[PDB]
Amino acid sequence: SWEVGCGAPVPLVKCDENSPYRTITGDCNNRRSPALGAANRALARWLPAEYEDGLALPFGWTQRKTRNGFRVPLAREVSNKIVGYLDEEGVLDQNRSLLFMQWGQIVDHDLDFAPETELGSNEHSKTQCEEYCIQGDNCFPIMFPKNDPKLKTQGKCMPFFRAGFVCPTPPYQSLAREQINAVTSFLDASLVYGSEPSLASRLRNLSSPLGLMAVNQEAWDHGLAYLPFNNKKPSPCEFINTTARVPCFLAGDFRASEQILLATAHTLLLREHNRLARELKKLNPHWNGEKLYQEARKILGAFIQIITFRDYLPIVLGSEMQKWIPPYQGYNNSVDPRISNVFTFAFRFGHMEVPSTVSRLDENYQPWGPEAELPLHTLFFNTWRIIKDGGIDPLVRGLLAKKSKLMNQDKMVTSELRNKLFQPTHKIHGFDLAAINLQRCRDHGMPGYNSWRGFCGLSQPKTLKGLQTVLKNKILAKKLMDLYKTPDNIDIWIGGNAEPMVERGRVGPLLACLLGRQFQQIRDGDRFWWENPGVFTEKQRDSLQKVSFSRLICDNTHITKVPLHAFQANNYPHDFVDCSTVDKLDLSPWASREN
């Protein structure tokens, strides 16, 4: 045999079998294989990697090297010809609120992060990749096709750096390149608490013995907490407005400030931790700071699991929910809890749910000021519009009262993401998330569309007419065949997202299978699953059943009118109720009596 386990990075396996709490790293969840689902290990491979050279070079790397006898098309050409649209009229989801998109991003950030390799530390190819567009080592530029308007305004390419991989990064390894998942595979609120001990400690308030998370000491939201600032430079949140000079937030996850509504959701979760810790200190004044932090952390982890599996997944997977995620039957320590490489592209279905604008609404759910509605691209790495423009409440009202974009075969990804994406150290609102996703599919050695159809027990179309039948769309099938020449070569991100959505769902059959399998494993493979007997008491579980995003908003903002079903498209005032009528989380079952 060859390398049975290349785990030289993070070899520290020091497990307490008795602990009623998760580790921060995710180590020690599975007793027989304690690294399973831990952060900073390889993404799982459900199918073998597919590289040009068998090992590490992406398809599209070598101009002369075909995939199955055809050249792979430029990611940006696919983006332009298939993914782009002009007309935002009629593109909204009539039955999903903007919170539906935003929770997807939150769950995805809890589960997976494959950060770009660190070879740009005092290196030219940081700006040289950008400046000269020369492919090599970790520089894998997204080249513009001849007719691209960006060729006219932005030079020859968009910079792109290859993802980090296991058995460290600049030299070779044991057969095929395996990308890293930097966060815990468990649905465990690692995006609030961190997946590394250093960060996890930095986020905590170790001054008081109250188990609190650190809060901003420079700004308040009408007396409610902000995340602390990340005081490190250069800051993209300062870069986008050097007058306001408001830094990015420091959260459990590196990406928290990528856009204003993600920063908003991270703010609600932090507030909820501190709220729970204060309630628990009342019930149990004898609990020290560590106990308070762990108990509140464990409740917030359960909150995220319940909203996700009870409220979110059913309205993503539709008819496919029951097929892939049956009712819970307890912890199965034979299940692989690791996030798969392909899942990290499957869950980018959210890219097609992001609409072109964000609104701030007032207490009557009416436009907040004269520029209430803003273009999404102005809100990438934007914290100043929170600190200096009315705090999170107006944005939270927009998350409730405004709609997700609907996935449309003729209108896939808004130009706000497809032409105006901002990336840190890049200085322009000029990147293309769709092109980045296609390039990253290839970076990660993804098997093509038909390999995944076969994995999912679905038909593998070989001809234009077969692709038309699967996509229920003759013009989309023709564009994909003109670019890819065979459905075997269609990148998984675009192939999965091209399929028409399942009934009562928001993804097609291929994505429902890949997502459904992953979420089944996330639940069944987790020793700390909230509903696993022993994790919580039966009385605690009865209290936890009553959690809602609506109550989270009521408890952690000055919003007093909320819908009961926050993921549905809700209109004010008909679909909104007073917070008074909304079930609370009853923490009385956490009262701990020794005497």
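Throughout, we count residues from 1 along the sequence that is shown. Note that the rigid core is defined as the largest set of C-alphas that superpose within 1.5 Å between two forms.
Taking 15-23 and 582-590 in turn, the stretch whose Cα atoms are more displaced from the shown form in 9 other deposited structures of this protein following rigid core superposition is 15-23. Per-stretch RMS Cα distance to the displayed form in 9 other deposited structures of this protein, following rigid core alignment, is highest for 112-120 when 112-120 and 294-302 are compared. The stretch with the higher mean CA B factor, choosing between 317-325 and 189-197, is 317-325.
The deposited model assigns a higher average Cα B-factor to 143-151 than to the other stretch when 346-354 and 143-151 are compared.
Across the options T242, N80, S415, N473, the residue with the most elevated CA B-factor in the record is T242. Of the candidates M158, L92, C167, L514, it is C167 whose Cα B-factor is highest according to the PDB record. In the PDB entry, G495 places in the lowest third of its chain by CA B-factor. Per the deposited record, the Cα B-factor of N341 falls in the lowest third when ranked against the other modelled residues of its chain. In the PDB entry, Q423 places in the middle third of its chain by CA B-factor. Per the PDB record, residue ranking by Cα B-factor puts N68 in the lowest third of the chain. When the modelled residues of the chain are ordered by C-alpha B-factor, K546 sits in the highest third.
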